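Data block below; observations after.
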2 protein chains.
Amino acid sequence: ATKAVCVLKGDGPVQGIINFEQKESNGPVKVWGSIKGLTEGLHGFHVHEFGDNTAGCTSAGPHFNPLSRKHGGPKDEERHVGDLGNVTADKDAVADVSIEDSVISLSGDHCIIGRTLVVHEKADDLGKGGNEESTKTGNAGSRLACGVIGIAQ
Amino acid sequence: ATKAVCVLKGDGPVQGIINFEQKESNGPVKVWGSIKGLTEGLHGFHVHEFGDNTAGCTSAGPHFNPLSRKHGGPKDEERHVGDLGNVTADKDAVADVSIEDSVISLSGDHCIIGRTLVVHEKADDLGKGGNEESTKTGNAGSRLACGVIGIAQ
Ligand SMILES: *[Se]c1ccccc1C(=O)NCc1cccnc1
Ligand SMILES: *[Se]c1ccccc1C(=O)NCc1cccnc1
Ligand SMILES: [Se]
Ligand SMILES: [Zn+2]
Ligand SMILES: [Zn+2]
Ligand SMILES: [Zn+2]
Ligand SMILES: [Zn+2]
């Protein structure tokens, strides 16, 4: 079994802890944890290509897209590997994160260890926004908090 | 070539950027950058096992030691993979880091991506300290700053 972890921090009050667990290299990854300081509603949730926080969340680069696909939602065939959709914050400003994903991996290939997890200002439209940017970024706006995905015990 | 990067952060502020570059998987890793806010003198400089900064630098665990060896200096055959010796800060509180290492890697089971880089309070005695702790930690004291080693562009 492989485990990874990510501490989300940024310029503002958004902070979080996200855990990843994978029983087998060919198996789904469970993603769980909590993010505080979010506005009520959907927040884009992505693995970005670089584990580079030198100038904050901007240095993380584009969505992790090793297979050169268009942007989509996690349940779409047409998606980036890093497309984990949205997390949902309630009026309490807290997102309780509970995701299972079959496209990200912690071992073998398409591995997200050493890449950056980002939570966004706005909803990811999952490529259903009706403009060009929808098929690239999902129009999820600014990067509120991010962290490098590290190997866990 | 393969590149990695680490943002070191801790109280002071002790703050640094460390770059890693490897031309080939069978080649040495160049490690360079700068760390500010250090006391003048030697500071232990280690890759720790977990890329887990959930509770700050303590969650990083022990020295990265995939080959089950004792603690040494980077020039020793008997060393942990994570044993990068010391960085030196001048009176300006800045350590200019310039290391070439043949034991760390950015590929394979010696790979340091997704692990934690730590700069310590005190000198690493490079296992020549003569108490027991020398052969395990090198007696380099508290963890001043750390970051997860991420994939760079
Ligand atoms: Se997860 C991954 C994806 C693509 C290429 C390499 C890896 C990887 O895990 N590399 C480090 C490694 C390889 C073999 C054994 N132990 C660690
Ligand atoms: Se080297 C390593 C260690 C832990 C987990 C994954 C890896 C790895 O090799 N990932 C693939 C990769 C791709 C581009 C640049 N660096 C690494
Ligand atoms: Se990995
Ligand atoms: Zn994003
Ligand atoms: Zn995407
Ligand atoms: Zn250490
Ligand atoms: Zn050691």
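Convention: chains lettered A, B, ... in structure tokens order; per-chain residue numbering from 1; ligands numbered from 1 as shown.
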I need the contact residues of chain A against chain B, so if you could list those with any atom within 9 Å, counting only C-alpha atoms, and return them as a PyMOL selection string, that would help. chain A and resi 4-7+17+49-54+60-61+113-116+147-153
Test item: residues lying within 7 Å of ligand 5 with only C-alpha atoms and all ligand atoms, as a PyMOL selection string: chain A and resi 46+63+70-72+79-80+82-83+136-138
What residues of the protein or nucleic acid chains come within 7 Å of ligand 1 when you use only C-alpha atoms and all ligand atoms? Reply as a list in words. residues 106, 107, 108, 109, 110, 111 and 113 of chain A; 107, 108, 109 and 111 of chain B
Serialized selection, N, CA, C and O atoms, as a PDB file, in the first residue's frame:
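After the write, selection_13.pdb holds the following:
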ATOM      1  N   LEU A 106      -0.225   6.796  -7.363  1.00  0.00           N
ATOM      2  CA  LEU A 106       0.940   7.090  -6.491  1.00  0.00           C
ATOM      3  C   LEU A 106       2.126   6.210  -6.868  1.00  0.00           C
ATOM      4  O   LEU A 106       3.191   6.408  -6.295  1.00  0.00           O
ATOM      5  N   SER A 107       1.958   5.276  -7.795  1.00  0.00           N
ATOM      6  CA  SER A 107       3.067   4.395  -8.250  1.00  0.00           C
ATOM      7  C   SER A 107       2.826   3.942  -9.686  1.00  0.00           C
ATOM      8  O   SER A 107       1.704   4.131 -10.190  1.00  0.00           O
ATOM      9  N   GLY A 108       3.860   3.365 -10.293  1.00  0.00           N
ATOM     10  CA  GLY A 108       3.809   2.846 -11.667  1.00  0.00           C
ATOM     11  C   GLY A 108       3.993   3.980 -12.645  1.00  0.00           C
ATOM     12  O   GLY A 108       5.149   4.296 -12.946  1.00  0.00           O
ATOM     13  N   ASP A 109       2.885   4.576 -13.089  1.00  0.00           N
ATOM     14  CA  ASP A 109       2.836   5.602 -14.161  1.00  0.00           C
ATOM     15  C   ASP A 109       1.778   6.639 -13.775  1.00  0.00           C
ATOM     16  O   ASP A 109       0.936   6.338 -12.913  1.00  0.00           O
ATOM     17  N   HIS A 110       1.838   7.830 -14.363  1.00  0.00           N
ATOM     18  CA  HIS A 110       0.860   8.919 -14.102  1.00  0.00           C
ATOM     19  C   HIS A 110       0.898   9.301 -12.621  1.00  0.00           C
ATOM     20  O   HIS A 110      -0.148   9.558 -12.003  1.00  0.00           O
ATOM     21  N   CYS A 111       2.105   9.423 -12.048  1.00  0.00           N
ATOM     22  CA  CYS A 111       2.213   9.447 -10.600  1.00  0.00           C
ATOM     23  C   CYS A 111       2.222  10.906 -10.245  1.00  0.00           C
ATOM     24  O   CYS A 111       2.787  11.730 -10.946  1.00  0.00           O
ATOM     25  N   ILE A 113       3.101  12.035  -7.111  1.00  0.00           N
ATOM     26  CA  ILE A 113       4.130  12.344  -6.080  1.00  0.00           C
ATOM     27  C   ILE A 113       5.061  13.400  -6.672  1.00  0.00           C
ATOM     28  O   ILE A 113       5.506  13.243  -7.815  1.00  0.00           O
TER      29      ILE A 113
ATOM     30  N   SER B 107      15.901   9.589  -9.935  1.00  0.00           N
ATOM     31  CA  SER B 107      15.297   8.372 -10.548  1.00  0.00           C
ATOM     32  C   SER B 107      15.542   7.158  -9.650  1.00  0.00           C
ATOM     33  O   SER B 107      16.551   7.155  -8.927  1.00  0.00           O
ATOM     34  N   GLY B 108      14.670   6.146  -9.715  1.00  0.00           N
ATOM     35  CA  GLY B 108      14.901   4.840  -9.064  1.00  0.00           C
ATOM     36  C   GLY B 108      14.707   4.895  -7.555  1.00  0.00           C
ATOM     37  O   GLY B 108      14.202   5.898  -7.038  1.00  0.00           O
ATOM     38  N   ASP B 109      15.133   3.859  -6.831  1.00  0.00           N
ATOM     39  CA  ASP B 109      14.784   3.754  -5.393  1.00  0.00           C
ATOM     40  C   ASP B 109      15.696   4.642  -4.536  1.00  0.00           C
ATOM     41  O   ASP B 109      15.426   4.712  -3.319  1.00  0.00           O
ATOM     42  N   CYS B 111      15.675   7.784  -5.348  1.00  0.00           N
ATOM     43  CA  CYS B 111      15.084   9.072  -5.770  1.00  0.00           C
ATOM     44  C   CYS B 111      14.609   9.850  -4.547  1.00  0.00           C
ATOM     45  O   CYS B 111      13.993   9.271  -3.658  1.00  0.00           O
TER      46      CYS B 111
END
Protein and nucleic residues near ligand 4, 7 Å, only C-alpha atoms and all ligand atoms, as number ranges by chain: A: 44-46, 48, 63, 118-120, 137, 140, 143
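The coordinates place atom CA of residue A:131 at 28.4 Å from atom CA of residue A:100.
One distance worth recording is that between atom CA of residue A:64 and atom CA of residue A:19, which is 18.3 Å.
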When you look at stretch 35-38 of chain B with a cut-off of 8 Å (counting only C-alpha atoms), what residues show up, excluding the ones that are within fewer than 5 positions of it in the same chain? I need them as JSON, numbers by chain. {"B": [8, 12, 13, 14, 15, 16, 17, 89, 93, 94, 95, 96, 97]}
Selection from above, C-alpha atoms, as a tab-separated table (two decimals), in the first residue's frame, can you write it?
chain	number	residue	atom	x	y	z
B	8	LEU	CA	12.64	25.57	2.68
B	12	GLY	CA	13.12	33.09	11.82
B	13	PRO	CA	12.32	33.41	8.92
B	14	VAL	CA	14.76	30.62	7.83
B	15	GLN	CA	13.86	30.57	4.11
B	16	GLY	CA	15.60	29.00	1.12
B	17	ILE	CA	15.28	27.70	-2.43
B	89	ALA	CA	26.11	30.37	6.69
B	93	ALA	CA	23.06	34.82	7.77
B	94	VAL	CA	23.13	33.38	4.18
B	95	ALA	CA	24.26	29.86	3.12
B	96	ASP	CA	25.11	29.67	-0.63
B	97	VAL	CA	24.59	25.95	-1.37
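Checking B:75, B:3, B:69, B:30 one by one against residue B:99, counting only C-alpha atoms, you find the shortest gap at B:30.
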Interatomic distance (Å, one decimal) between atom CA of residue B:98 and atom CA of residue B:32: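 Separation of atom CA of residue B:98 and atom CA of residue B:32: 4.6 Å.
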Using only C-alpha atoms and all ligand atoms for the distances, tell me which of B:101, B:133, B:90, B:21 is nearest to ligand 7.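 When distances to ligand 7 are compared using only C-alpha atoms and all ligand atoms, the smallest one comes from B:133.
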If you count only C-alpha atoms, the residue of A:27, A:11, A:127, A:20 closest to residue A:78 turns out to be A:127
Just the strand (DSSP E) stuff from stretch 7-76 of chain B, please, per backbone DSSP, written as a ChimeraX atom specification. /B:7-10,14-22,29-36,41-48,54-57
Write the residues of the selection above to a file with N, CA and C atoms, as a CSV table (one decimal), in the first residue's frame.
chain,number,residue,atom,x,y,z
B,7,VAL,N,11.4,24.4,-1.7
B,7,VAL,CA,11.3,25.7,-0.9
B,7,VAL,C,11.4,25.3,0.6
B,8,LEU,N,12.4,25.8,1.2
B,8,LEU,CA,12.6,25.6,2.7
B,8,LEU,C,12.0,26.7,3.4
B,9,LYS,N,11.1,26.3,4.4
B,9,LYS,CA,10.4,27.4,5.3
B,9,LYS,C,10.4,26.9,6.7
B,10,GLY,N,10.7,27.8,7.6
B,10,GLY,CA,10.7,27.7,9.0
B,10,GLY,C,10.8,29.0,9.7
B,14,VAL,N,13.8,31.4,8.6
B,14,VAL,CA,14.8,30.6,7.8
B,14,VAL,C,14.0,30.2,6.6
B,15,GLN,N,14.6,30.6,5.4
B,15,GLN,CA,13.9,30.6,4.1
B,15,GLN,C,14.9,30.3,3.0
B,16,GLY,N,14.6,29.3,2.2
B,16,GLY,CA,15.6,29.0,1.1
B,16,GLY,C,14.9,28.4,-0.1
B,17,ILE,N,15.7,28.4,-1.2
B,17,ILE,CA,15.3,27.7,-2.4
B,17,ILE,C,16.5,26.8,-2.8
B,18,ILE,N,16.2,25.5,-3.0
B,18,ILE,CA,17.3,24.6,-3.4
B,18,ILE,C,16.8,23.9,-4.6
B,19,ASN,N,17.7,23.9,-5.6
B,19,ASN,CA,17.5,23.3,-7.0
B,19,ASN,C,18.3,22.0,-7.1
B,20,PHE,N,17.8,21.0,-7.8
B,20,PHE,CA,18.5,19.7,-8.0
B,20,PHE,C,18.4,19.5,-9.5
B,21,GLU,N,19.5,19.1,-10.1
B,21,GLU,CA,19.6,18.8,-11.6
B,21,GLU,C,20.4,17.5,-11.7
B,22,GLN,N,19.9,16.6,-12.5
B,22,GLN,CA,20.6,15.3,-12.9
B,22,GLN,C,20.6,15.2,-14.4
B,29,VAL,N,23.9,14.3,-9.0
B,29,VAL,CA,22.9,15.4,-8.8
B,29,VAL,C,23.6,16.6,-8.4
B,30,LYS,N,23.5,17.7,-9.1
B,30,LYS,CA,23.9,19.1,-8.7
B,30,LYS,C,22.8,19.7,-7.8
B,31,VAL,N,23.2,20.2,-6.7
B,31,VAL,CA,22.3,20.8,-5.7
B,31,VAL,C,22.8,22.2,-5.5
B,32,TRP,N,22.0,23.2,-5.7
B,32,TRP,CA,22.4,24.6,-5.6
B,32,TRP,C,21.2,25.5,-5.2
B,33,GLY,N,21.5,26.6,-4.5
B,33,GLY,CA,20.6,27.6,-4.2
B,33,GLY,C,21.1,28.4,-3.0
B,34,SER,N,20.2,28.9,-2.2
B,34,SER,CA,20.5,29.9,-1.1
B,34,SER,C,19.6,29.7,0.0
B,35,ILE,N,20.0,29.9,1.3
B,35,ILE,CA,19.2,29.8,2.5
B,35,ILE,C,19.5,31.0,3.3
B,36,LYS,N,18.5,31.8,3.7
B,36,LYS,CA,18.7,33.0,4.5
B,36,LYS,C,18.2,32.8,5.9
B,41,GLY,N,27.9,29.6,10.7
B,41,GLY,CA,28.5,28.3,10.9
B,41,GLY,C,27.8,27.2,10.1
B,42,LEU,N,28.0,26.0,10.6
B,42,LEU,CA,27.6,24.7,9.9
B,42,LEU,C,26.1,24.4,10.3
B,43,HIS,N,25.3,24.0,9.3
B,43,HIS,CA,23.9,23.5,9.6
B,43,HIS,C,23.8,22.2,8.9
B,44,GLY,N,23.4,21.1,9.6
B,44,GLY,CA,23.1,19.8,9.0
B,44,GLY,C,22.1,19.9,7.9
B,45,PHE,N,22.3,19.2,6.8
B,45,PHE,CA,21.5,19.3,5.6
B,45,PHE,C,21.1,17.9,5.1
B,46,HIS,N,19.9,17.5,5.3
B,46,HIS,CA,19.5,16.1,5.1
B,46,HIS,C,18.2,16.0,4.2
B,47,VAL,N,18.2,14.9,3.5
B,47,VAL,CA,16.9,14.4,3.0
B,47,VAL,C,16.3,13.4,4.0
B,48,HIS,N,15.1,13.8,4.5
B,48,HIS,CA,14.3,12.9,5.4
B,48,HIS,C,13.3,12.1,4.7
B,54,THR,N,2.8,17.9,7.5
B,54,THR,CA,1.5,18.2,8.1
B,54,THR,C,1.6,18.8,9.5
B,55,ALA,N,2.6,18.4,10.3
B,55,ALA,CA,2.9,19.0,11.6
B,55,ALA,C,4.2,19.8,11.6
B,56,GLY,N,4.6,20.4,10.4
B,56,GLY,CA,5.9,21.0,10.2
B,56,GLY,C,6.9,19.9,10.0
B,57,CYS,N,8.2,20.3,10.3
B,57,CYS,CA,9.3,19.4,9.9
B,57,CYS,C,9.4,18.1,10.7
Option closest in space to ligand 2, from B:23, B:128, B:91, B:122 [counting only C-alpha atoms and all ligand atoms]: B:23
